[PDB]
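Have a look at the structure below before the remarks.
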Amino acid sequence: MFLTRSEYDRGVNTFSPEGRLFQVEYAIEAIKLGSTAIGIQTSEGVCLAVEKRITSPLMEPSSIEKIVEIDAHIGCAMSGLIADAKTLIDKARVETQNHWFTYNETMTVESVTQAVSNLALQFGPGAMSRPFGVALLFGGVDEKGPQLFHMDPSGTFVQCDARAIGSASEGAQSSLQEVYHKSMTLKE
Amino acid sequence: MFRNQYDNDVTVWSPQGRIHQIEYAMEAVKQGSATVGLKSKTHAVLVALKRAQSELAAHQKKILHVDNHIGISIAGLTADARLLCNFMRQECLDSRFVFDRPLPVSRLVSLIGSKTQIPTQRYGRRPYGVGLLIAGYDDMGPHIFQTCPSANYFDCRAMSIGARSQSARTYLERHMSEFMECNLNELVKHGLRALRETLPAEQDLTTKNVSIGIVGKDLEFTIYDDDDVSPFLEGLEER
Amino acid sequence: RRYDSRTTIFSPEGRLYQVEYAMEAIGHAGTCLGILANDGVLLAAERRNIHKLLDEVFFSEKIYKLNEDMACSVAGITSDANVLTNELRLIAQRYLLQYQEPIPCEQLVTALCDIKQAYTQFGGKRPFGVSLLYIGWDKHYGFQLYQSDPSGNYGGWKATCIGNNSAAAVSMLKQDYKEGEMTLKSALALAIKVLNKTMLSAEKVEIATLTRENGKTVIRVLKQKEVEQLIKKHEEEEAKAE
Amino acid sequence: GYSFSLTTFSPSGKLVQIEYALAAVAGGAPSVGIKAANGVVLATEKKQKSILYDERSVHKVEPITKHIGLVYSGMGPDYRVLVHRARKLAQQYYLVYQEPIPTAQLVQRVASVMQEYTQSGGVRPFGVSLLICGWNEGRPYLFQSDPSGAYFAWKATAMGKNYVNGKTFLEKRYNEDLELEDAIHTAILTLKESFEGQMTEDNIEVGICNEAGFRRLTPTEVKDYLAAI
Amino acid sequence: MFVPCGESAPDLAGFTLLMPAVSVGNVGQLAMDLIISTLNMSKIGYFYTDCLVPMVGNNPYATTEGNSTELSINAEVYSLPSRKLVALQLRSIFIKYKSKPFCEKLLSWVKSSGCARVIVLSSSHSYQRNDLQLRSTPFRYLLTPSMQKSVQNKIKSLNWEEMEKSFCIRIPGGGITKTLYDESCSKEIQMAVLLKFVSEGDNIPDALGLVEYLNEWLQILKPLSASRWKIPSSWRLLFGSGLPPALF
Amino acid sequence: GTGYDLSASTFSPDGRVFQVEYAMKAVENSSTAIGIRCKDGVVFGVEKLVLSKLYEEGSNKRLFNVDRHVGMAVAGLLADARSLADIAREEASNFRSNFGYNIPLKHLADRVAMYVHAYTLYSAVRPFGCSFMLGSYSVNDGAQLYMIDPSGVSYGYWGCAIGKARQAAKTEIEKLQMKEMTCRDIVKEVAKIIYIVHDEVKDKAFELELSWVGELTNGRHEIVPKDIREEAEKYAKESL
Amino acid sequence: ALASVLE
Amino acid sequence: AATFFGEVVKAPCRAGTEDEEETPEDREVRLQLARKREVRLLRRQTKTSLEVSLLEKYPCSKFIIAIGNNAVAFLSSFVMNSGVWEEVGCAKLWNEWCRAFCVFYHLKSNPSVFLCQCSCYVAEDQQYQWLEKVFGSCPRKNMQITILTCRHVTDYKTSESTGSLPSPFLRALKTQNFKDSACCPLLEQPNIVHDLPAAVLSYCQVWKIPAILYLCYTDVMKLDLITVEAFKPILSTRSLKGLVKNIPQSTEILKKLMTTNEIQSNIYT
Amino acid sequence: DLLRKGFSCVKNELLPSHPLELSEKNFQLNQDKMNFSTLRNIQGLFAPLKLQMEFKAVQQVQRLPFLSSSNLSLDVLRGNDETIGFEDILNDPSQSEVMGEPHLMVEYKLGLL
Amino acid sequence: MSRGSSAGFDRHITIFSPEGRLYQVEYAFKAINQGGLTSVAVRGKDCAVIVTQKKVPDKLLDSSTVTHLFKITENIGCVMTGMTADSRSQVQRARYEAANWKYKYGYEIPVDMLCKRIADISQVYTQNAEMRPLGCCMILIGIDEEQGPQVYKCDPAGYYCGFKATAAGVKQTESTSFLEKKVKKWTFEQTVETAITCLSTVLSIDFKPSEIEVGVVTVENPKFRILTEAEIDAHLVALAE
């Protein structure tokens, strides 16, 4: 009847005695150091809002791009490490241009999210050995109505209606659940 | 207390003759929602229990599509499920393209087992952490299989996996006698009744967390969600 | 300690301890000296292998020739020094084949320093524990003198010293060096004085000089009679200075 | 903490595994090498001293070319792999330049080969040091190579077990102007100084080199030389 | 602080205190379990500090249903007031920056109590041995200079082997053994250290070896070295629960 | 052997590899399988534990077929046994393709044993955890039985028994006249031995699985007919 | 498993 | 733990002896780190802080502690649904795993009944600071302490496989002065408990105060109805008798809470 | 790109200049394939696996690709320690007339380019 | 491999001891005695003889499948001592090397060349961090065209030599002392008698015809041949009488 020390979270390919790959959970926890981003989709468009958190007045404000342009009708958001999201957005843009060149059609938001997520779920030549420390938030319009999606470091995407990623995710989500309505306009 | 040195790797034998990482991976299947599968003389059906993180979200997909006659249900990790689904789709497509003949379910399952056995013996890898239920129809009739993270597969006839699946398994074992001589409506009713045992005795099997997949002789694989499962649910009794 | 096992680990305050130890391993070798004069460059060295049963093959044990215009001296581990010297000769020959002109000294030094730095960044290899001194003549800048470190760092000097007791030699050179007024004879006298202070017999030193004569570089190794005469003259002057 | 890894510098700036390899070298059978005014003599003490041994199976003194010989002191298995590579290098030099290789070039190439195993992880250094003799342009040569890849040029040396006393003995009775027979006698005496037994022609090997080329002495000649001491 | 289990502190004059150290493989703790189980000691108090991780459990030495319901904590004190022998047991791991205060408190209590001498059972890493130690016995010992005037003749007659110095001494993996020895020799307290080179894994035979080594001197059983020691009933599942089905 | 048992390429001070010993200890975590060679054939028999009534009759089979003339019975980890069965099938098929006739059993055993042993040398892989038997029958060779060990050593046997209780099974096998009986009596003897060695308290229930290859099957591996199995079960229960 | 280690 | 081919690695030690033994800047950084991880007791309702230990300023007759989300939910649904409770103070912490967060109430009808609800994680170096801040150094003679905690079923030790047990189930561990009895079997022999409940129980045992600790072993550690309902037999004990009045209201509140739990991750499907 | 490579014609890369170019460029691979096929057909699957494992283990301890290596253990295993071919005496690779940057070649060996 | 290397002066093959001793090689040497048998090889005037022990403890085994005398080539015979799987693997490797030499050079490989090639292969395993040495030793006998009978030996360290009469196993030292005593002071019948007497005197067994196995080569018949039970019994009876 003694007490000892055991370590199960120093490697990516190690299972805890109850499943629970801990490195992926730590990567997910790393998102909380970013800035809050709010996105909700409605019957006539989808909105994205995000804070900048400028560190010094000498910095040029038009250089912290927390909202980017995947294509003519698809947006994106930022939370976490900046360097990784750049190499994910590049993949998104290349895929959405290749699809047009091949088929003369616009990619679905779900399809582009799946294509992006197909890259971030493989780890452990050029592939990294650690999970991506970033969470994205797609959105736009398609042949269906406005659509909003989500993605986390584990590499899996889920459709949604109101999200909140960043430091104040819990409070923002609580307020969103309290305030949101089934069918509003782009002013409320 | 003596397990510290013998459970950090999948290529290490314990002094008792055990590999602990395989058991730890097997412990991960019980982290997902329960799914139920059963078959009859003509049809094979799959029933799953969707779960949403909160109210303002859409329930994730638990029943996937592989071929015109093969469909699966997942429980456990998601990346492993996606990789296995990609492998199965590629194998079926290649076989159809080359031989102009559907890939048999037994050969598919044997290929899955052979692929899954490899990362449990070599360094730098970890076992897959997903358990599968496969339903298909071929020249030998309806089939249903189960897959374990330890690269083991069983040719069962009515099985359920996931968290708190013991009650569903008990109900299926009790009522397996009268499954062969049944048609689709009461087969789906039996499946739903078995799945209802998982929930606490305060909830209900509403039309927002149920997914149904049906395959048959003249019927291809079909998935019903949201309002499509209404015709399969009105006939259920009370708890 | 915890951060002192590989070359690819950063200390919690930004240090590379393996590189520090590689640089510290130099301080056990012999003393190499070099001073730049008005009409030539000089090199001096210490013979650490002086035994009664040791042969006298080859020209010099620590002074090597790289091409028609450059020479070098090493201090550190001989096994790595040999590889470095061979690579230097190969680089110079490659540049000559490419451009039909002799390679500049700074380009040669940079080319070798890149190789020396490459081993301090990829894991699984051991850094080169060798420090070198370069002398030569170039048509762009004239006479030059350089120095290299195990970490891959270099710089141009006018009077430097590496090896055992480097601090005292550097201090004395800084005290007794005159800017832009050192003739070759004065440089030889200063080198003899510094070596005598920091270590005299004429069988324990090796001196080489580089000069330009009628449009062609001449690299010589001083003779035993010449170095003995220099030692005797220095001793006589020091005695007369009492 | 710094003693187990080959690619780690100690805080004092030292490599310890190479020192331990040198210690491994310093625990083998003794060897002696003396160069005279007209040749070089090499000697060593055998390990298989029992009767149950065929005298024409394995030799410690090996020829590399017509004018080059070599002997070792250290680990036996790590010796053949170097002898074969040295022979291949000599043949390559002859094929390219149409002239027998000089001793110094062969020593440099062998040292370069030996140095490679002391810089990367996953290997261990060779545990053997070599003595090389030759004759080029009417001059005798004698060299020695360390496990670390550094070579020296000697006039009279002794390595192996109990070598400091042998070196002092050689320094005591070495003469600049010496014939080959006197060198052989001195080498035999130096080997006898540390033998721990009764020395016989069947447990020592002697090799000589002169203008005629490298040659390994026969047991009859060894006995004849022994009878005069 | 020493807190009596009852209402008053028992008198301890001339007693011999023997204690473990939290070291590699828990060899000292296992040996303490063997000694306490075999000699059938009884609890007399607790040693309450804020230096060890807290833990709780039922009685680890249970022989009947009337005593298998006694709560225990990480630090406990047992005594056998018939052979002048008192023991201490630790069942946890030290928090960082909390070892030297514990050693100071323990030695203060030892000095203020009246114990004759202290014996420490520990262990050391077995992969840091040179060639000369690979050909010898894996048992070592140390003696405080205040004790060497008393039992050194007996120790020499026992043909043991004193541990090599390095002049100082370093114990690679002994935990607080070095600190305890240094503080005891500075404070002029008799002390002896018994250790053995071990490696992680099944460390029961190491415990039996160490207890036999100690019995070779203290002579607490009949001289021999056959079911002499009693294994406590808590040594049930030292490798885990069991095999999941459908795998073998 | 603590400290020297974390890799398959490490030697103990007394000169032994401990990972291989742990692998061979891992095979006694499964049920018991026995095999008896008789005058004119080879008879197999295994004890299978029922996990649930939901599995189909014919799942988790432990008696495989390599080709039309070779049987196989396994014990230990199931996945490793399946991989080894696939390897044996590949070897036999390739030999038949190159040489145009049926492969002798000794060469197949040698090939599979060497393949198993190949995993004992490197630290990048893990030794197998299953042991199995092979059997065949030919008119000009007669019955033949073989054993394979996770260490990679093979031998020829008259009677063999592997699993949890190999000692007792061998004890009752040794008191038999193997060389002067046919398959008809050997099947009953095997059933009796399996029923005797089985333990009731630890294991809830079990079902037999018997098979032979011999002269009366024209050298082909087949499953025992149901009536013979039932009468053998009745005989074993009555004798018990 | 071994053939997968190579490539 | 090998990065390249052939690196020399050392096996880990289960006794935690790897820290070895080993400037004013070092003292400054150590002091800054210590101040960053200091337990502080504050009065949340206005004011700034507190001076004397919490139990050294009030009289007590019963103390109930909840650790984990399930126990906090149980006490919120079943005990706090009736009567009026006034918050006394809260605790401010900081770990690598954290940041009702350690908030203390007491009954207004009976000012000698206290309840605690800690849903945060307290590191092993903050247990004794928590004990000193809450209890103090002059323990009262007449008190009762009940502790509730949830643990995973994989932490249990059994001859059979851990997947065969009929989880959830309860176990108990009580001090020698606890003259009452338990509603569940006591914990078996080769099983131990550590962290904060162990610290509280050890303090109570050492200083001779009646106490009892309840453990729930579950296969799901999130907010689930079955885990919360597994605590029901405690309601029949003498510890919680005049604190539970209405069951259906508690069930309705529990249903609402189970509807509004939280957002979840996307690893397990 | 377009500066780190140049003077390459696609239509002049599909057609080899000489019949002997491809055979000489890929002699070792074909020899290994033939030996492995014969060994696998004669003895079994284990022998080529062991040989390939030994080759892979030996080939993994060398100098960085911008310095010449000796390859002693590989030559001992292959058996080329007592044979001299035309690859040894013609166009010595230890005295190559061209060499690239160190970091670029190390990166190219790993496949990051 | 990504498993690294264990820390210690022993416990790894590429680590030198403070006085340059490799301990894993010595442990591999100790691994030879695990079998528990002894082998003896004696070279005569015009013949060579190999004698080794046989131990079958189980009555359920097939004695025809238990052997330690192998045939590398039609003119070369071998006897192995140590681990069985390692011995068989090394026999297969030797057969492959002999076939390759025959193909490359055009004539049968000599015994010394085969032993040297095996030793050269074995030397590599003691320098890399991936492989481990095999725990067995090999003894080869054969007839040379111009030199006569030849006896050789190899060890896990990579060291090989030619002998006149050697032994291996668990009683190697006593067998060697007996062989020196005999040699210091031989037709075909004398070599077999000498080897059998050496083994019997060392082991104190008084053998029966079913506990030993013999293989011989001669100048008249240079093909490796395994003696049978009748011949072994005849030799034993002649030795007894």
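Identifiers in this document derive from the order of the structure tokens: chains are assigned A, B, ..., residues are numbered from 1 separately in each chain, and ligands are numbered from 1 in order of occurrence.
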- request: Excluding residue 185 (chain E) and any residue of its chain fewer than 4 positions from it, enumerate the residues within 7 Å of it, using only C-alpha atoms, and give them as a list in words.
  value: residues 144, 181 and 189 of chain E
message: Can you tell me, as a PyMOL selection string, which residues in chain G count as helix (DSSP H, G or I) by DSSP?
response: chain G and resi 2-6
- prompt: Skipping near chain neighbours, those fewer than 5 positions away, what residues fall within 10 Å of residue 90 (chain C) using only C-alpha atoms, listed as a PyMOL selection string?
  reply: (chain C and resi 66-67+84-85+95-96) or (chain I and resi 94-98)
Let's have the selection written as an mmCIF file, in the first residue's frame, with N, CA and C atoms.
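Final file, again_18.cif:
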```cif
data_model
loop_
_atom_site.group_PDB
_atom_site.id
_atom_site.type_symbol
_atom_site.label_atom_id
_atom_site.label_comp_id
_atom_site.auth_asym_id
_atom_site.auth_seq_id
_atom_site.Cartn_x
_atom_site.Cartn_y
_atom_site.Cartn_z
ATOM 1 N N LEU C 66 47.454 25.782 -47.909
ATOM 2 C CA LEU C 66 46.130 25.572 -48.482
ATOM 3 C C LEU C 66 46.101 25.788 -49.989
ATOM 4 N N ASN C 67 46.686 26.878 -50.467
ATOM 5 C CA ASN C 67 46.844 27.109 -51.896
ATOM 6 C C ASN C 67 48.093 27.963 -52.086
ATOM 7 N N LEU C 84 39.366 18.943 -41.682
ATOM 8 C CA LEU C 84 39.111 20.343 -42.007
ATOM 9 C C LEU C 84 40.108 20.865 -43.037
ATOM 10 N N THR C 85 41.388 20.519 -42.882
ATOM 11 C CA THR C 85 42.398 20.967 -43.837
ATOM 12 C C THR C 85 42.144 20.396 -45.227
ATOM 13 N N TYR C 95 36.921 26.367 -56.350
ATOM 14 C CA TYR C 95 36.734 27.753 -56.776
ATOM 15 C C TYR C 95 37.680 28.106 -57.917
ATOM 16 N N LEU C 96 38.930 27.639 -57.841
ATOM 17 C CA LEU C 96 39.870 27.916 -58.922
ATOM 18 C C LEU C 96 39.389 27.310 -60.232
ATOM 19 N N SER I 94 35.540 11.208 -53.914
ATOM 20 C CA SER I 94 36.156 11.960 -52.831
ATOM 21 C C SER I 94 36.783 13.265 -53.302
ATOM 22 N N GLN I 95 36.942 13.448 -54.608
ATOM 23 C CA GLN I 95 37.511 14.653 -55.198
ATOM 24 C C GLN I 95 36.558 15.227 -56.235
ATOM 25 N N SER I 96 35.283 15.323 -55.870
ATOM 26 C CA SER I 96 34.282 15.848 -56.785
ATOM 27 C C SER I 96 34.527 17.326 -57.054
ATOM 28 N N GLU I 97 34.250 17.746 -58.283
ATOM 29 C CA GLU I 97 34.495 19.114 -58.713
ATOM 30 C C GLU I 97 33.339 20.055 -58.404
ATOM 31 N N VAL I 98 32.206 19.535 -57.941
ATOM 32 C CA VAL I 98 31.045 20.352 -57.605
ATOM 33 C C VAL I 98 30.458 19.854 -56.293
#
```
- request: Please return, as a PyMOL selection string, all residues of chain J lying within 8 Å of chain I when only C-alpha atoms are considered.
  value: chain J and resi 120-121+124+128+130-131
- request: Please indicate the distance in Å from CA of residue 198 (chain H) to CA of residue 70 (chain E), rounded to one decimal place.
  value: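 CA of residue 198 (chain H) sits 14.9 Å away from CA of residue 70 (chain E).
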- request: Using only C-alpha atoms, find which residues of chain H lie within 6 Å of chain A and jot them down as a list in words.
  value: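 Putting it all together, I get residues 14, 15 and 190 of chain H.
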field: Residues within 7 Å of residue 77 (chain F), only C-alpha atoms, excluding chain neighbours under 2 positions, as a ChimeraX atom specification
entry: /E:247-248 /F:75,79-81,129-130
Restricting the output to N, CA and C atoms, write the selected residues as a tab-separated table (two decimals), in the first residue's frame.
```tsv
chain	number	residue	atom	x	y	z
E	247	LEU	N	-9.40	-11.64	-25.55
E	247	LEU	CA	-8.12	-11.15	-26.04
E	247	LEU	C	-7.09	-12.26	-26.20
E	248	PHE	N	-7.10	-13.26	-25.32
E	248	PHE	CA	-6.18	-14.38	-25.42
E	248	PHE	C	-6.89	-15.63	-25.91
F	75	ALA	N	-2.80	-21.39	-30.06
F	75	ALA	CA	-3.02	-21.05	-28.66
F	75	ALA	C	-2.19	-19.82	-28.32
F	79	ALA	N	-4.51	-12.66	-32.84
F	79	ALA	CA	-4.10	-11.91	-34.02
F	79	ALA	C	-2.77	-12.42	-34.57
F	80	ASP	N	-1.81	-12.70	-33.68
F	80	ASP	CA	-0.54	-13.26	-34.11
F	80	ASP	C	-0.74	-14.62	-34.76
F	81	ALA	N	-1.64	-15.43	-34.21
F	81	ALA	CA	-1.93	-16.73	-34.80
F	81	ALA	C	-2.51	-16.59	-36.20
F	129	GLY	N	3.54	-14.05	-29.68
F	129	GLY	CA	3.01	-14.59	-28.45
F	129	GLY	C	2.04	-15.74	-28.64
F	130	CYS	N	2.33	-16.62	-29.59
F	130	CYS	CA	1.46	-17.74	-29.88
F	130	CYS	C	2.28	-18.94	-30.30
```
field: Within 8 Å of chain F: residues of chain J, using only C-alpha atoms, as a ChimeraX atom specification
entry: /J:1-3,11-12,24,27-32,34,59-62,65-66,84-85,89,130-132
With chain F as the partner and 8 Å as the cut-off, tabulate the residues of chain B that qualify, each row holding the nearest pair of atoms and their distance in Å to one decimal, using only C-alpha atoms, sorted by chain and rising number, as a tab-separated table.
```
residue	atom	partner	partner_atom	distance
B:11	CA	F:126	CA	5.0
B:12	CA	F:6	CA	6.6
B:13	CA	F:22	CA	6.1
B:14	CA	F:22	CA	6.8
B:15	CA	F:22	CA	5.7
B:16	CA	F:22	CA	7.0
B:17	CA	F:26	CA	4.1
B:18	CA	F:26	CA	6.6
B:114	CA	F:83	CA	7.3
B:117	CA	F:79	CA	6.6
B:121	CA	F:126	CA	5.4
B:122	CA	F:125	CA	4.6
B:123	CA	F:124	CA	5.5
B:150	CA	F:79	CA	7.8
B:151	CA	F:79	CA	6.3
B:152	CA	F:79	CA	6.5
B:154	CA	F:59	CA	6.2
B:155	CA	F:59	CA	5.8
B:156	CA	F:55	CA	4.2
B:157	CA	F:54	CA	5.9
B:158	CA	F:54	CA	5.9
B:159	CA	F:54	CA	6.9
B:173	CA	F:54	CA	6.4
B:176	CA	F:54	CA	7.9
```
Please produce a file of the residues just selected, as a compact mmCIF listing (two decimals), in the first residue's frame, where the atoms kept are N, CA, C and O atoms.
```txt
# COMPACT_ATOMS: atom_id res chain seq x y z
N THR B 11 5.70 -2.61 -27.56
CA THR B 11 6.63 -3.66 -27.92
C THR B 11 7.35 -4.24 -26.70
O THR B 11 8.47 -4.73 -26.81
N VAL B 12 6.71 -4.17 -25.53
CA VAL B 12 7.30 -4.63 -24.28
C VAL B 12 6.36 -5.65 -23.65
O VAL B 12 5.15 -5.40 -23.53
N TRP B 13 6.91 -6.79 -23.25
CA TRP B 13 6.14 -7.82 -22.56
C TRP B 13 6.27 -7.65 -21.05
O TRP B 13 7.38 -7.47 -20.54
N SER B 14 5.15 -7.70 -20.35
CA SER B 14 5.16 -7.66 -18.90
C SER B 14 5.66 -8.99 -18.34
O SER B 14 5.57 -10.02 -19.01
N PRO B 15 6.20 -8.99 -17.12
CA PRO B 15 6.63 -10.27 -16.52
C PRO B 15 5.52 -11.28 -16.36
O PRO B 15 5.79 -12.48 -16.27
N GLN B 16 4.26 -10.83 -16.31
CA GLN B 16 3.13 -11.75 -16.27
C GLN B 16 2.73 -12.25 -17.65
O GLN B 16 1.87 -13.14 -17.74
N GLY B 17 3.31 -11.70 -18.71
CA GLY B 17 2.94 -12.09 -20.06
C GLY B 17 1.74 -11.34 -20.58
O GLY B 17 0.80 -11.94 -21.10
N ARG B 18 1.75 -10.01 -20.44
CA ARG B 18 0.65 -9.17 -20.89
C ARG B 18 1.21 -7.93 -21.56
O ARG B 18 2.32 -7.49 -21.27
N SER B 114 -6.04 -7.64 -40.85
CA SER B 114 -4.63 -7.73 -41.20
C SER B 114 -3.96 -6.37 -41.17
O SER B 114 -2.81 -6.24 -40.73
N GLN B 117 -3.62 -5.24 -37.34
CA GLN B 117 -2.68 -5.97 -36.49
C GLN B 117 -1.29 -5.35 -36.48
O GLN B 117 -0.57 -5.47 -35.49
N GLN B 121 2.78 -4.25 -33.03
CA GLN B 121 3.97 -5.07 -32.90
C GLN B 121 5.25 -4.27 -33.09
O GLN B 121 6.30 -4.64 -32.56
N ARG B 122 5.18 -3.18 -33.84
CA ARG B 122 6.36 -2.39 -34.17
C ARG B 122 6.39 -1.10 -33.35
O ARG B 122 5.40 -0.69 -32.75
N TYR B 123 7.56 -0.48 -33.34
CA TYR B 123 7.79 0.73 -32.56
C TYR B 123 7.25 1.96 -33.28
O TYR B 123 6.99 1.95 -34.49
N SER B 150 -7.91 -4.52 -30.66
CA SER B 150 -6.87 -5.53 -30.60
C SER B 150 -6.78 -6.36 -31.88
O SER B 150 -6.25 -7.47 -31.85
N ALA B 151 -7.30 -5.84 -33.00
CA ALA B 151 -7.25 -6.51 -34.29
C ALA B 151 -7.95 -7.86 -34.26
O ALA B 151 -7.47 -8.85 -34.81
N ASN B 152 -9.11 -7.91 -33.60
CA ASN B 152 -9.93 -9.10 -33.52
C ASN B 152 -11.32 -8.79 -34.05
O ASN B 152 -11.88 -7.72 -33.78
N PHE B 154 -15.34 -10.57 -34.81
CA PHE B 154 -16.27 -11.64 -34.49
C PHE B 154 -17.45 -11.59 -35.45
O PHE B 154 -17.98 -10.52 -35.76
N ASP B 155 -17.86 -12.77 -35.93
CA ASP B 155 -19.01 -12.89 -36.83
C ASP B 155 -20.27 -13.10 -36.00
O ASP B 155 -20.85 -14.19 -35.93
N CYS B 156 -20.70 -12.03 -35.34
CA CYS B 156 -21.84 -12.09 -34.45
C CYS B 156 -23.15 -12.05 -35.24
O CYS B 156 -23.16 -12.00 -36.47
N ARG B 157 -24.26 -12.09 -34.51
CA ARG B 157 -25.59 -11.97 -35.10
C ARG B 157 -26.44 -10.88 -34.47
O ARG B 157 -27.43 -10.47 -35.10
N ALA B 158 -26.12 -10.42 -33.27
CA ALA B 158 -26.76 -9.25 -32.67
C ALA B 158 -25.83 -8.74 -31.59
O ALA B 158 -25.66 -9.41 -30.56
N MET B 159 -25.23 -7.58 -31.80
CA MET B 159 -24.24 -7.05 -30.88
C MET B 159 -24.40 -5.55 -30.73
O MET B 159 -24.85 -4.87 -31.66
N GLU B 173 -29.75 -10.50 -26.12
CA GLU B 173 -29.56 -11.91 -25.84
C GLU B 173 -30.88 -12.58 -25.46
O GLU B 173 -31.14 -13.72 -25.84
N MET B 176 -33.19 -12.62 -28.87
CA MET B 176 -32.62 -13.10 -30.13
C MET B 176 -33.36 -14.28 -30.73
O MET B 176 -33.12 -14.61 -31.90
```
query: Counting only C-alpha atoms, what is within 12 Å of residue 101 (chain F), bar same-chain residues fewer than 5 positions away, as a list in words?
result: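 Returned residues: residues 69, 92, 93, 94, 95 and 96 of chain F.
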Residues from the last selection, N, CA and C atoms, saved as a tab-separated table (two decimals), in the first residue's frame:
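As a result, again-v2.tsv now contains:
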```tsv
chain	number	residue	atom	x	y	z
F	69	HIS	N	-4.09	-30.39	-47.41
F	69	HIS	CA	-3.46	-31.53	-46.75
F	69	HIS	C	-2.83	-31.21	-45.40
F	92	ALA	N	3.26	-22.25	-48.35
F	92	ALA	CA	2.85	-23.49	-49.00
F	92	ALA	C	2.43	-23.24	-50.45
F	93	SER	N	1.68	-22.15	-50.69
F	93	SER	CA	1.27	-21.84	-52.05
F	93	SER	C	2.47	-21.56	-52.94
F	94	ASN	N	3.45	-20.81	-52.44
F	94	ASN	CA	4.62	-20.50	-53.25
F	94	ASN	C	5.42	-21.76	-53.58
F	95	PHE	N	5.59	-22.65	-52.59
F	95	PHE	CA	6.31	-23.89	-52.86
F	95	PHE	C	5.59	-24.72	-53.91
F	96	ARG	N	4.26	-24.83	-53.79
F	96	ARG	CA	3.51	-25.57	-54.80
F	96	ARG	C	3.66	-24.95	-56.17
```
